[PDB]
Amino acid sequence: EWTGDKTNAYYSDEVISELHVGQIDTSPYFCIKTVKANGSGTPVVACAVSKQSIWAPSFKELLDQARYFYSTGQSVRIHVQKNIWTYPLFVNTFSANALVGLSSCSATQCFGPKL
């Protein structure tokens, strides 16, 4: 598996606009909400859950990176794998998207996998 796998999904020029920390089924988790820098579209929501899913090893790394990018409000590319979380109230509040990577962006290029 890789953040950049073609079967994952990514969204460019997003601003991390909200951040939530909680616990579910023995695991600390966090979720982020992102919106397009230009105000268009619908928000993207993605979560990472400690010790759950194949992405568990990167939980702390992604939490720390999401915190930083949230604090600056810079435009980023968010990478997700869809349809990972299944707890239904959790998905309804947040989403089933697993956060799998974050990339900084210049105005012309995001520094991370694409296509």
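Heads up: residue numbers just count along the shown sequence, starting at 1.
The stretch with the higher mean CA B factor, choosing between 26 to 34 and 86 to 94, is 86 to 94. When 68 to 76 is weighed against 39 to 47, 39 to 47 comes out higher, by mean CA B-factor as recorded in the entry. In this PDB entry, the Cα temperature factor of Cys105 sits in the top third of its chain's modelled residues, the highest group. Annotation for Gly4: C-alpha temperature factor in the lowest third relative to the rest of the modelled chain, per the entry.
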